[PDB]
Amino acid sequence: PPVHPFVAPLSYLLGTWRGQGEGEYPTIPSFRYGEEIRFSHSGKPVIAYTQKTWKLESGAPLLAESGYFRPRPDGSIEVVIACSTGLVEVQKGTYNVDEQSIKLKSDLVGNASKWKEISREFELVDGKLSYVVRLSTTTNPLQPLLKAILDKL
């Protein structure tokens, strides 16, 4: 399967990333986690995304997500994600081929009444995949929650 021309600008994502991150939020005291993310494709104008996080010290599973990245040649992109916690997300924004970055704001957060906005920003930095996830809640404004850096395998 060749990479679809719609997906070609993001082909640096494709493969298996592994690394580690940190969470902290006003409500949640800080923590570290292992993370693995696989981007794959089947020759269509879509990238499939799957992800898992585990306890850094125990290797005991925490969360999983899966979804689909849908980029379009005008630089816009939508991402739909389902989480093992029972949450769904519609994410929208842009990608920049120069910066090899992707900036997303939730258009919808579903099945999580307390969580308002979620943004996710990816960025290839030094050949490693980085992201910041931000969360806003009923009571707390939008602010970082998760930061990670992963090596491509």
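Residue positions are given as counts along the sequence shown, with the first one as 1.
Mean C-alpha B-factor is higher over 113 to 121 than over the other stretch, the pair under comparison being 93 to 101 and 113 to 121.
Looking at mean Cα B-factors across 17 to 25 and 137 to 145, the upper value is held by 137 to 145. Take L108, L62, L87, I47 and read off each C-alpha B-factor from the entry; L62 has the highest. Take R38, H41, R32, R70 and read off each C-alpha B-factor from the entry; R32 has the highest. Split the chain's modelled residues into thirds by C-alpha temperature factor. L129 is in the middle one.
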